[PDB]
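Report on the following structure.
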Amino acid sequence: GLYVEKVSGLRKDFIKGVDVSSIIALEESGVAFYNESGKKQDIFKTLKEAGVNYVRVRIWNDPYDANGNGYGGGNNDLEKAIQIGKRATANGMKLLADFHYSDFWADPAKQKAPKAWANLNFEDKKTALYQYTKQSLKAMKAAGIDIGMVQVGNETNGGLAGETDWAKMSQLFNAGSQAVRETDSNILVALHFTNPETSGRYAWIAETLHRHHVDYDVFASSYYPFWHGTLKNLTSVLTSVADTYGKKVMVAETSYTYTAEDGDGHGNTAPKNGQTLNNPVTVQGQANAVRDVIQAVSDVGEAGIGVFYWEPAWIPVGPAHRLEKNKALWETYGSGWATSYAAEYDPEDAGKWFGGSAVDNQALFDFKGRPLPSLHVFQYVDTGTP
Ligand SMILES: OC[C@H]1O[C@@H](O[C@@H]2[C@H](O)[C@@H](O)[C@H](O)O[C@@H]2CO)[C@H](O)[C@@H](O)[C@H]1O
Ligand SMILES: [Ca+2]
């Protein structure tokens, strides 16, 4: 049924990743996943058979309040990162450790210092960032996890760990990079930014990183077709960075809607009025979208190393009509994007919009944990659909 046009020029070792950070909180909430045959199966095995070769996991320093109540969003700390890493490694997939260097969501608007670093002068915070990265990585190595890449920050367009001055941000980038370098010289160091469609943005950031001697290997970008411009532009801005600074480039996050329906009762991020939707909101449209960004990154040439799909399995803990019972699960296991307990850390955003999954309709599995046909885009990009 599904159609996937072969990606021309796709390298054989192209990174095909997925970020399934919410998996632990979901399994604790009772969510189960299946394979093609329809029998319960570890999602990591299913991802592996679908052609995925990399797993990305977000890591928050201390995503809990004083009493130990999870902030939600998967309650992703180092402990869960290790659980995920071991399963990724056990299923022959490399790991991408994504340090937010914050106790909660880090993005263009939010780059809050971890609670533990709130009262530290810059120098001590830098030491703390370095130390944290160093210890976290060692713990993962001790667990036998195969770490292929580390992200020093997440969508750090305007800040990092409470800092907004680029001179200080670069020192933090370097502090983190340091720890990676000291851990394993083979691990790729990536910096992650977003809004590639902004005129001159990526060019300015790359040049600034250069002027501040920031030591990194991959210039990563998020790419959500809804707001981030054309694929042509994406290729253009990433190619300029690659050519100009000799860096590898990749898409650290991307996704698309396979349905307009909200499966758990918590309003979804997409689709919405105003957003750009070049592909139909169907399983086929979702597949075209993924295949296209893979093509766009591949078009960069030798520098385009891969694409990570963001949260392809953040499915509902229950039906939309069971909203109130769902909240119980979200609140208890943090299997939603945020819990009310996060209000102390982020009162402005999480504080009033906390709840369930905002991306259940952009998963590569249906609302019941069955893999959608679009899951096989990872395989068909190499050959195309017969
Ligand atoms: O109720 C939905 C909720 O989503 C938030 O987005 C969070 C997070 O803050 C982002 O950084 C991340 O990219 O996506 C998750 C949800 O998938 C958003 O910030 C809130 O305003 C709400 O839209
Ligand atoms: Ca939802």
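Residue numbering restarts at 1 for every chain of the structure tokens, chains are lettered A, B, ... in their displayed order, and ligands are numbered from 1 as they appear.
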
Next on the checklist: I'd like the neighbourhood of residue 297 in chain A as number ranges by chain, where a residue qualifies if any of its atoms comes within 9 Å (using only C-alpha atoms), though same-chain residues fewer than 6 positions away should be ignored.
Outcome noted: A: 231, 234-235, 238-239, 249-251, 303-307

Save out the residues we just selected, C-alpha atoms, as a CSV table (one decimal), in the first residue's frame.
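Listing of again-v8.csv after writing:
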```csv
chain,number,residue,atom,x,y,z
A,231,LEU,CA,13.3,21.9,2.5
A,234,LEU,CA,17.0,23.9,5.0
A,235,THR,CA,19.5,22.3,2.6
A,238,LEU,CA,23.0,23.6,6.4
A,239,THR,CA,25.1,23.4,3.3
A,249,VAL,CA,25.2,18.7,9.7
A,250,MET,CA,21.9,16.9,10.5
A,251,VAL,CA,18.3,17.2,11.6
A,303,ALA,CA,28.3,16.6,5.4
A,304,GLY,CA,24.7,15.6,5.8
A,305,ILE,CA,24.9,12.7,8.2
A,306,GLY,CA,21.4,12.0,9.3
A,307,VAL,CA,17.9,12.6,10.5
```

Item to complete: Find the residues around residue 255 in chain A up to 12 Å (only C-alpha atoms counted), leave out those fewer than 6 positions away in its own chain, and share them as an MDAnalysis selection string.
Response: chainID A and resid 17:19 222:228 269:271 277 279 281 283 285:294 307:314 359:364 374:375

Write to file, as a short mmCIF file (atom, residue, chain, number, x, y, z; two decimals), in the first residue's frame, the residues of the selection just made, with N, CA and C atoms.
```
data_model
loop_
_atom_site.label_atom_id
_atom_site.label_comp_id
_atom_site.auth_asym_id
_atom_site.auth_seq_id
_atom_site.Cartn_x
_atom_site.Cartn_y
_atom_site.Cartn_z
N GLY A 17 17.54 8.02 12.98
CA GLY A 17 17.22 7.97 14.39
C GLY A 17 15.82 8.35 14.82
N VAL A 18 15.54 8.04 16.08
CA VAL A 18 14.27 8.35 16.70
C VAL A 18 14.54 8.74 18.13
N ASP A 19 13.79 9.72 18.62
CA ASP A 19 13.92 10.13 20.00
C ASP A 19 12.65 9.60 20.66
N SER A 222 16.63 21.57 14.10
CA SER A 222 15.32 20.95 14.22
C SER A 222 14.67 21.27 12.88
N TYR A 223 13.67 20.51 12.49
CA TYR A 223 12.97 20.82 11.26
C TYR A 223 11.55 20.30 11.27
N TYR A 224 10.64 21.20 11.62
CA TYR A 224 9.23 20.89 11.67
C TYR A 224 8.62 21.68 10.51
N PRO A 225 8.26 20.98 9.43
CA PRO A 225 7.68 21.61 8.23
C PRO A 225 6.56 22.61 8.49
N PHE A 226 5.88 22.46 9.62
CA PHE A 226 4.78 23.35 9.98
C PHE A 226 5.21 24.80 10.05
N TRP A 227 6.39 25.07 10.60
CA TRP A 227 6.84 26.45 10.76
C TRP A 227 8.24 26.77 10.25
N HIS A 228 9.06 25.75 10.01
CA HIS A 228 10.44 26.00 9.63
C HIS A 228 10.85 26.21 8.18
N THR A 269 -0.15 19.69 19.08
CA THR A 269 0.63 20.78 18.50
C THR A 269 0.22 21.04 17.06
N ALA A 270 -0.08 19.97 16.33
CA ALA A 270 -0.47 20.08 14.93
C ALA A 270 -1.50 19.01 14.59
N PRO A 271 -2.26 19.20 13.50
CA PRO A 271 -2.23 20.38 12.62
C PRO A 271 -3.05 21.52 13.17
N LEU A 277 1.21 23.01 5.63
CA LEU A 277 1.03 21.57 5.48
C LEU A 277 1.14 21.19 4.00
N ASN A 279 1.97 18.38 2.84
CA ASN A 279 1.60 16.99 2.62
C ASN A 279 0.28 16.70 3.28
N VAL A 281 -2.54 15.15 5.57
CA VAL A 281 -2.44 14.67 6.93
C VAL A 281 -2.91 13.23 6.94
N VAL A 283 -1.16 8.82 6.69
CA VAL A 283 0.01 7.98 6.88
C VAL A 283 0.97 8.18 5.70
N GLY A 285 1.17 10.91 3.77
CA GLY A 285 1.72 12.25 3.80
C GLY A 285 2.86 12.31 4.80
N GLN A 286 2.67 11.63 5.93
CA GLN A 286 3.69 11.62 6.97
C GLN A 286 4.96 10.99 6.40
N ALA A 287 4.79 9.88 5.68
CA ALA A 287 5.92 9.18 5.07
C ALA A 287 6.62 10.06 4.03
N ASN A 288 5.86 10.79 3.22
CA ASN A 288 6.48 11.66 2.22
C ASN A 288 7.32 12.70 2.94
N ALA A 289 6.77 13.24 4.02
CA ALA A 289 7.46 14.27 4.79
C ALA A 289 8.79 13.80 5.34
N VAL A 290 8.81 12.60 5.92
CA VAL A 290 10.03 12.06 6.49
C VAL A 290 11.03 11.78 5.39
N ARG A 291 10.55 11.16 4.32
CA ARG A 291 11.39 10.83 3.18
C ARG A 291 12.01 12.10 2.60
N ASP A 292 11.22 13.17 2.52
CA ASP A 292 11.70 14.43 1.97
C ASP A 292 12.79 15.12 2.79
N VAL A 293 12.66 15.15 4.11
CA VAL A 293 13.70 15.77 4.92
C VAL A 293 14.98 14.95 4.83
N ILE A 294 14.85 13.62 4.71
CA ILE A 294 16.01 12.74 4.58
C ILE A 294 16.71 13.11 3.26
N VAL A 307 19.12 12.07 10.11
CA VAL A 307 17.86 12.64 10.53
C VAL A 307 17.28 11.85 11.69
N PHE A 308 16.87 12.56 12.75
CA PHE A 308 16.26 11.93 13.91
C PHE A 308 14.78 12.33 13.96
N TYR A 309 13.89 11.35 14.01
CA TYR A 309 12.47 11.65 14.09
C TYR A 309 12.18 11.89 15.58
N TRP A 310 11.52 13.00 15.90
CA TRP A 310 11.24 13.28 17.31
C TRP A 310 9.94 12.67 17.84
N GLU A 311 10.06 11.82 18.86
CA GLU A 311 8.91 11.18 19.51
C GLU A 311 7.92 10.49 18.57
N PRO A 312 8.32 9.36 17.96
CA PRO A 312 7.47 8.60 17.04
C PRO A 312 6.55 7.63 17.79
N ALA A 313 6.54 7.72 19.11
CA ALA A 313 5.72 6.81 19.92
C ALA A 313 5.16 7.41 21.20
N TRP A 314 4.85 8.70 21.18
CA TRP A 314 4.28 9.35 22.36
C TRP A 314 2.77 9.22 22.23
N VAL A 359 1.67 15.32 20.85
CA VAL A 359 2.10 14.79 19.57
C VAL A 359 1.67 13.36 19.26
N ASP A 360 0.64 12.86 19.93
CA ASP A 360 0.18 11.50 19.68
C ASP A 360 -0.18 11.27 18.21
N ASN A 361 -0.58 12.34 17.52
CA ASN A 361 -0.95 12.22 16.10
C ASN A 361 0.23 12.36 15.13
N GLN A 362 1.44 12.43 15.67
CA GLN A 362 2.63 12.49 14.85
C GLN A 362 3.53 11.31 15.13
N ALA A 363 2.94 10.31 15.76
CA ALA A 363 3.65 9.08 16.07
C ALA A 363 3.72 8.19 14.82
N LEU A 364 4.57 7.17 14.86
CA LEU A 364 4.68 6.23 13.74
C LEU A 364 3.98 4.93 14.13
N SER A 374 3.87 3.85 7.75
CA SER A 374 4.86 4.90 7.56
C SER A 374 6.16 4.58 8.31
N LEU A 375 6.08 3.70 9.31
CA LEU A 375 7.27 3.32 10.05
C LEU A 375 8.33 2.76 9.11
#
```

Set the cut-off to 8 Å, count only C-alpha atoms and all ligand atoms, and list whatever residues fall near ligand 2 as a ChimeraX atom specification.
-> /A:262-268,316,320,356-361

Test item: residues lying within 6 Å of ligand 1 with only C-alpha atoms and all ligand atoms, as a compact mmCIF listing (two decimals) with N, CA and C atoms, in the first residue's frame:
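The resulting out25.txt:
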```txt
# COMPACT_ATOMS: atom_id res chain seq x y z
N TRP A 105 12.18 21.24 30.00
CA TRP A 105 12.27 21.63 28.60
C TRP A 105 13.15 22.83 28.29
N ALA A 106 14.06 22.63 27.35
CA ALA A 106 14.96 23.69 26.92
C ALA A 106 14.66 23.95 25.45
N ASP A 107 14.30 25.18 25.11
CA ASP A 107 14.02 25.52 23.73
C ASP A 107 14.32 27.00 23.46
N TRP A 337 3.21 15.60 28.57
CA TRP A 337 4.32 16.54 28.35
C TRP A 337 4.78 17.29 29.61
N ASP A 349 4.70 28.61 31.37
CA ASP A 349 4.27 27.70 30.31
C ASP A 349 3.68 26.40 30.86
N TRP A 353 -0.37 24.93 31.14
CA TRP A 353 -0.74 24.08 30.02
C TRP A 353 -0.34 22.63 30.23
N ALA A 358 1.12 16.01 23.29
CA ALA A 358 0.73 17.01 22.32
C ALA A 358 1.11 16.52 20.92
N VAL A 359 1.67 15.32 20.85
CA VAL A 359 2.10 14.79 19.57
C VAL A 359 1.67 13.36 19.26
```

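Restricting the calculation to only C-alpha atoms, the smallest distance between residue 172 in chain A and any of A:214, A:141, A:147, A:186 is found for A:214.
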
Taking the DSSP secondary structure from the backbone, can you list the residues of range 112-266 of chain A that are alpha helix (DSSP H), as a compact mmCIF listing (two decimals) with N, CA, C and O atoms, in the first residue's frame?
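See selection.txt below for the written result:
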```txt
# COMPACT_ATOMS: atom_id res chain seq x y z
N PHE A 122 29.18 32.30 37.37
CA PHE A 122 29.46 31.66 36.10
C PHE A 122 30.53 30.59 36.14
O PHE A 122 30.32 29.50 35.61
N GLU A 123 31.67 30.87 36.77
CA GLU A 123 32.76 29.91 36.83
C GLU A 123 32.37 28.58 37.46
O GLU A 123 32.72 27.51 36.95
N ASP A 124 31.61 28.65 38.55
CA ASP A 124 31.22 27.43 39.22
C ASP A 124 30.17 26.66 38.46
O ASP A 124 30.09 25.44 38.54
N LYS A 125 29.36 27.40 37.71
CA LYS A 125 28.32 26.78 36.93
C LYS A 125 28.97 26.05 35.77
O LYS A 125 28.54 24.95 35.43
N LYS A 126 30.00 26.65 35.19
CA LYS A 126 30.72 26.05 34.07
C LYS A 126 31.36 24.74 34.56
O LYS A 126 31.28 23.71 33.88
N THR A 127 31.98 24.78 35.74
CA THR A 127 32.61 23.60 36.34
C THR A 127 31.54 22.54 36.59
O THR A 127 31.75 21.34 36.34
N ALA A 128 30.39 22.99 37.07
CA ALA A 128 29.29 22.08 37.35
C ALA A 128 28.78 21.43 36.06
O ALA A 128 28.53 20.23 36.03
N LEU A 129 28.65 22.23 35.01
CA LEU A 129 28.17 21.71 33.72
C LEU A 129 29.16 20.66 33.21
O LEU A 129 28.76 19.57 32.80
N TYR A 130 30.44 21.01 33.25
CA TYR A 130 31.49 20.10 32.82
C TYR A 130 31.41 18.79 33.62
O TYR A 130 31.31 17.70 33.06
N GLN A 131 31.40 18.93 34.95
CA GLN A 131 31.36 17.80 35.88
C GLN A 131 30.16 16.90 35.65
O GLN A 131 30.29 15.67 35.60
N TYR A 132 29.00 17.51 35.51
CA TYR A 132 27.76 16.77 35.28
C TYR A 132 27.84 15.95 34.00
O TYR A 132 27.46 14.78 33.98
N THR A 133 28.30 16.58 32.92
CA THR A 133 28.42 15.91 31.64
C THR A 133 29.38 14.73 31.79
O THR A 133 29.08 13.61 31.38
N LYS A 134 30.54 15.01 32.38
CA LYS A 134 31.58 14.02 32.58
C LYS A 134 31.07 12.81 33.36
O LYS A 134 31.25 11.67 32.93
N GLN A 135 30.42 13.06 34.50
CA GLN A 135 29.90 11.96 35.32
C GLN A 135 28.76 11.21 34.64
O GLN A 135 28.70 9.98 34.70
N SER A 136 27.87 11.94 33.98
CA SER A 136 26.75 11.31 33.29
C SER A 136 27.28 10.35 32.23
O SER A 136 26.84 9.20 32.14
N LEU A 137 28.22 10.82 31.42
CA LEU A 137 28.79 9.98 30.37
C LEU A 137 29.47 8.72 30.93
O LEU A 137 29.26 7.62 30.42
N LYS A 138 30.26 8.89 31.99
CA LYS A 138 30.95 7.76 32.60
C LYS A 138 29.93 6.73 33.07
O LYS A 138 30.10 5.53 32.83
N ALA A 139 28.87 7.19 33.73
CA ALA A 139 27.84 6.28 34.20
C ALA A 139 27.27 5.48 33.03
O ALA A 139 27.06 4.27 33.13
N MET A 140 27.02 6.15 31.91
CA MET A 140 26.49 5.47 30.73
C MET A 140 27.50 4.45 30.19
O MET A 140 27.12 3.36 29.78
N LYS A 141 28.78 4.80 30.20
CA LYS A 141 29.80 3.88 29.71
C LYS A 141 29.84 2.67 30.63
O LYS A 141 29.90 1.53 30.18
N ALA A 142 29.80 2.92 31.94
CA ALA A 142 29.83 1.84 32.92
C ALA A 142 28.67 0.88 32.70
O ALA A 142 28.79 -0.31 32.99
N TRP A 166 26.41 35.21 24.41
CA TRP A 166 27.09 34.21 23.59
C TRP A 166 28.53 33.90 23.96
O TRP A 166 29.02 32.80 23.68
N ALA A 167 29.21 34.86 24.58
CA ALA A 167 30.59 34.63 25.01
C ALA A 167 30.55 33.61 26.14
O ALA A 167 31.40 32.72 26.21
N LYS A 168 29.57 33.74 27.03
CA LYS A 168 29.44 32.81 28.15
C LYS A 168 28.84 31.49 27.68
O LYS A 168 29.17 30.42 28.20
N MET A 169 27.94 31.56 26.70
CA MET A 169 27.33 30.36 26.14
C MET A 169 28.40 29.49 25.50
O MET A 169 28.40 28.27 25.68
N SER A 170 29.31 30.11 24.76
CA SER A 170 30.40 29.38 24.11
C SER A 170 31.30 28.66 25.12
O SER A 170 31.75 27.55 24.87
N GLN A 171 31.56 29.30 26.25
CA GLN A 171 32.39 28.68 27.28
C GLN A 171 31.66 27.46 27.85
O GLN A 171 32.29 26.46 28.21
N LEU A 172 30.34 27.55 27.93
CA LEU A 172 29.54 26.44 28.43
C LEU A 172 29.55 25.35 27.37
O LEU A 172 29.70 24.17 27.70
N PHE A 173 29.39 25.74 26.11
CA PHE A 173 29.44 24.76 25.03
C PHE A 173 30.79 24.03 25.14
O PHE A 173 30.85 22.81 25.10
N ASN A 174 31.87 24.79 25.29
CA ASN A 174 33.19 24.18 25.40
C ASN A 174 33.35 23.32 26.66
O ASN A 174 33.98 22.26 26.60
N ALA A 175 32.78 23.76 27.78
CA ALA A 175 32.87 22.99 29.01
C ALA A 175 32.25 21.63 28.75
O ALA A 175 32.85 20.60 29.05
N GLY A 176 31.05 21.63 28.19
CA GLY A 176 30.39 20.37 27.88
C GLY A 176 31.19 19.54 26.88
O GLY A 176 31.39 18.35 27.09
N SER A 177 31.63 20.17 25.80
CA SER A 177 32.42 19.49 24.76
C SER A 177 33.63 18.81 25.41
O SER A 177 33.96 17.68 25.08
N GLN A 178 34.27 19.53 26.32
CA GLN A 178 35.44 19.05 27.06
C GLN A 178 35.19 17.65 27.61
O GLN A 178 35.93 16.69 27.34
N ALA A 179 34.14 17.54 28.41
CA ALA A 179 33.78 16.28 29.04
C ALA A 179 33.59 15.15 28.02
O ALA A 179 33.99 14.01 28.26
N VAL A 180 32.98 15.46 26.88
CA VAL A 180 32.76 14.45 25.84
C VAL A 180 34.11 13.97 25.31
O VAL A 180 34.36 12.77 25.20
N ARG A 181 34.96 14.94 24.96
CA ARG A 181 36.30 14.69 24.43
C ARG A 181 37.11 13.82 25.40
O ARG A 181 37.78 12.88 24.99
N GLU A 182 37.04 14.14 26.68
CA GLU A 182 37.75 13.39 27.70
C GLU A 182 37.17 12.00 27.89
O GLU A 182 37.85 11.10 28.37
N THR A 183 35.90 11.82 27.53
CA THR A 183 35.23 10.54 27.69
C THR A 183 35.56 9.53 26.58
O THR A 183 35.89 8.37 26.86
N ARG A 201 20.14 33.61 10.28
CA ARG A 201 20.34 33.02 11.60
C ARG A 201 21.50 32.03 11.69
O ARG A 201 22.51 32.30 12.34
N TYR A 202 21.34 30.88 11.05
CA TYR A 202 22.38 29.86 11.09
C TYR A 202 23.75 30.37 10.68
O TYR A 202 24.76 29.93 11.23
N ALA A 203 23.79 31.28 9.71
CA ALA A 203 25.07 31.84 9.27
C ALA A 203 25.71 32.63 10.43
O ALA A 203 26.91 32.53 10.67
N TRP A 204 24.89 33.41 11.14
CA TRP A 204 25.38 34.21 12.25
C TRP A 204 25.86 33.32 13.39
O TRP A 204 26.91 33.58 13.98
N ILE A 205 25.09 32.28 13.70
CA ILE A 205 25.43 31.38 14.80
C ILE A 205 26.73 30.63 14.53
O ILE A 205 27.59 30.54 15.40
N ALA A 206 26.86 30.11 13.31
CA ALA A 206 28.07 29.37 12.95
C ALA A 206 29.32 30.23 13.06
O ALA A 206 30.36 29.78 13.55
N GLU A 207 29.21 31.48 12.60
CA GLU A 207 30.32 32.43 12.63
C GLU A 207 30.68 32.80 14.07
O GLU A 207 31.86 32.92 14.41
N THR A 208 29.66 32.97 14.90
CA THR A 208 29.87 33.31 16.31
C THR A 208 30.58 32.15 17.02
O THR A 208 31.52 32.35 17.79
N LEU A 209 30.12 30.93 16.75
CA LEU A 209 30.74 29.76 17.35
C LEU A 209 32.21 29.71 16.94
O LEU A 209 33.08 29.36 17.73
N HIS A 210 32.47 30.06 15.69
CA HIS A 210 33.83 30.06 15.18
C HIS A 210 34.71 31.09 15.90
O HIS A 210 35.83 30.78 16.31
N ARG A 211 34.20 32.31 16.02
CA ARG A 211 34.94 33.40 16.67
C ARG A 211 35.26 33.08 18.12
O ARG A 211 36.26 33.60 18.67
N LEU A 231 12.21 22.91 2.40
CA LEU A 231 13.27 21.91 2.45
C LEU A 231 14.48 22.47 1.69
O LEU A 231 15.64 22.25 2.07
N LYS A 232 14.20 23.20 0.62
CA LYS A 232 15.26 23.80 -0.19
C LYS A 232 16.09 24.74 0.69
O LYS A 232 17.32 24.71 0.64
N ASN A 233 15.42 25.56 1.49
CA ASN A 233 16.10 26.47 2.39
C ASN A 233 16.93 25.69 3.43
O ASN A 233 18.09 26.02 3.70
N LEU A 234 16.31 24.67 4.00
CA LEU A 234 17.00 23.85 4.99
C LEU A 234 18.34 23.37 4.42
O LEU A 234 19.38 23.54 5.04
N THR A 235 18.29 22.79 3.23
CA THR A 235 19.49 22.28 2.58
C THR A 235 20.49 23.42 2.39
O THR A 235 21.67 23.26 2.67
N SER A 236 20.00 24.55 1.91
CA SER A 236 20.84 25.72 1.67
C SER A 236 21.58 26.21 2.94
O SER A 236 22.80 26.31 2.94
N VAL A 237 20.85 26.49 4.01
CA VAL A 237 21.50 26.96 5.23
C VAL A 237 22.42 25.93 5.88
O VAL A 237 23.46 26.29 6.43
N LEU A 238 22.08 24.64 5.81
CA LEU A 238 22.96 23.63 6.39
C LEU A 238 24.18 23.43 5.50
O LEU A 238 25.27 23.15 6.01
N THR A 239 24.01 23.56 4.19
CA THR A 239 25.13 23.39 3.27
C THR A 239 26.14 24.52 3.45
O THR A 239 27.36 24.31 3.36
N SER A 240 25.64 25.73 3.70
CA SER A 240 26.53 26.86 3.89
C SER A 240 27.37 26.67 5.14
O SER A 240 28.56 27.00 5.14
N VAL A 241 26.77 26.16 6.21
CA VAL A 241 27.51 25.92 7.45
C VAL A 241 28.57 24.84 7.20
O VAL A 241 29.74 25.01 7.56
N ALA A 242 28.16 23.74 6.58
CA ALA A 242 29.08 22.65 6.28
C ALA A 242 30.28 23.15 5.46
O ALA A 242 31.43 22.97 5.86
N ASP A 243 30.00 23.76 4.31
CA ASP A 243 31.04 24.28 3.44
C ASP A 243 31.94 25.32 4.11
O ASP A 243 33.17 25.21 4.06
N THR A 244 31.34 26.31 4.76
CA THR A 244 32.09 27.38 5.40
C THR A 244 32.91 27.00 6.63
O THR A 244 34.03 27.49 6.81
N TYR A 245 32.38 26.12 7.48
CA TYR A 245 33.10 25.76 8.70
C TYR A 245 33.55 24.31 8.79
O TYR A 245 34.09 23.87 9.82
```

### Task
Using only C-alpha atoms, pick whichever of A:51, A:38, A:63, A:68 has the shortest atom-to-atom distance to residue 342 in chain A.
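Closest candidate: A:63.
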
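Among the candidate residues A:197, A:77, A:98, A:163, the one lying nearest to residue 118 in chain A is A:163, with distances computed using only C-alpha atoms.
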
Practice task
Check the DSSP output for the backbone and give back, as number ranges by chain, the residues of range 35-263 of chain A in strand (DSSP E).
Solution key: A: 54-59, 94-99, 147-152, 188-193, 218-223, 248-254

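Considering the residues A:121, A:76, A:340, A:21 and counting only C-alpha atoms, residue 59 in chain A has its shortest atom-to-atom contact with A:76.
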
Quiz item: Given the choices A:323, A:381, A:315, A:300, which gets closest to residue 32 in chain A if the distance is worked out from only C-alpha atoms?
Solution: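 Comparing A:323, A:381, A:315, A:300 against residue 32 in chain A, the winner is A:315.
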
Counting only C-alpha atoms, closest pick from A:45, A:58, A:115, A:325 relative to residue 252 in chain A is A:58

Near-residue 65 in chain A list (10 Å; only C-alpha atoms; drop same-chain fewer than 2 positions) as a PDB file with N, CA and C atoms, in the first residue's frame:
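See selection22.pdb below for the written result:
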```
ATOM      1  N   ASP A  62      17.566  17.580  37.104  1.00  0.00           N
ATOM      2  CA  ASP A  62      16.729  17.161  38.222  1.00  0.00           C
ATOM      3  C   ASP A  62      15.288  17.588  37.932  1.00  0.00           C
ATOM      4  N   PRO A  63      14.589  16.836  37.060  1.00  0.00           N
ATOM      5  CA  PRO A  63      13.203  17.105  36.659  1.00  0.00           C
ATOM      6  C   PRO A  63      12.149  16.751  37.713  1.00  0.00           C
ATOM      7  N   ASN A  67       9.947  17.376  46.821  1.00  0.00           N
ATOM      8  CA  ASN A  67       9.445  16.105  47.336  1.00  0.00           C
ATOM      9  C   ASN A  67       9.652  14.902  46.430  1.00  0.00           C
ATOM     10  N   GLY A  68      10.194  15.127  45.237  1.00  0.00           N
ATOM     11  CA  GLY A  68      10.429  14.019  44.329  1.00  0.00           C
ATOM     12  C   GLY A  68       9.317  13.792  43.324  1.00  0.00           C
ATOM     13  N   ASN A  69       8.441  14.778  43.165  1.00  0.00           N
ATOM     14  CA  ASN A  69       7.344  14.670  42.211  1.00  0.00           C
ATOM     15  C   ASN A  69       7.813  15.087  40.814  1.00  0.00           C
ATOM     16  N   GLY A  70       7.764  14.141  39.879  1.00  0.00           N
ATOM     17  CA  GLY A  70       8.200  14.397  38.519  1.00  0.00           C
ATOM     18  C   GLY A  70       7.528  15.554  37.819  1.00  0.00           C
ATOM     19  N   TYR A  71       8.309  16.277  37.019  1.00  0.00           N
ATOM     20  CA  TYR A  71       7.808  17.415  36.257  1.00  0.00           C
ATOM     21  C   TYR A  71       7.027  16.928  35.040  1.00  0.00           C
ATOM     22  N   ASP A 103      16.436  21.685  34.323  1.00  0.00           N
ATOM     23  CA  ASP A 103      15.648  20.666  34.989  1.00  0.00           C
ATOM     24  C   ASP A 103      14.400  20.334  34.179  1.00  0.00           C
ATOM     25  N   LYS A 115      18.008  23.784  39.064  1.00  0.00           N
ATOM     26  CA  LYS A 115      17.808  24.329  40.404  1.00  0.00           C
ATOM     27  C   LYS A 115      19.125  24.353  41.175  1.00  0.00           C
ATOM     28  N   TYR A 341       3.166  19.586  38.846  1.00  0.00           N
ATOM     29  CA  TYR A 341       4.317  19.716  39.728  1.00  0.00           C
ATOM     30  C   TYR A 341       5.457  20.534  39.122  1.00  0.00           C
ATOM     31  N   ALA A 342       5.377  20.823  37.826  1.00  0.00           N
ATOM     32  CA  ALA A 342       6.422  21.595  37.156  1.00  0.00           C
ATOM     33  C   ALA A 342       6.185  23.101  37.254  1.00  0.00           C
ATOM     34  N   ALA A 343       5.020  23.487  37.767  1.00  0.00           N
ATOM     35  CA  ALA A 343       4.661  24.904  37.906  1.00  0.00           C
ATOM     36  C   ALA A 343       5.697  25.729  38.673  1.00  0.00           C
ATOM     37  N   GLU A 344       6.366  25.102  39.639  1.00  0.00           N
ATOM     38  CA  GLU A 344       7.383  25.788  40.433  1.00  0.00           C
ATOM     39  C   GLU A 344       8.571  26.208  39.565  1.00  0.00           C
ATOM     40  N   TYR A 345       8.954  25.339  38.634  1.00  0.00           N
ATOM     41  CA  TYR A 345      10.087  25.599  37.758  1.00  0.00           C
ATOM     42  C   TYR A 345       9.720  26.441  36.551  1.00  0.00           C
TER      43      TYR A 345
END
```

Checklist entry - What is the CA of residue 350 in chain A-CA of residue 333 in chain A distance in Å, reported with one decimal? => result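 Rounded to one decimal, the two atoms are 16.0 Å apart.
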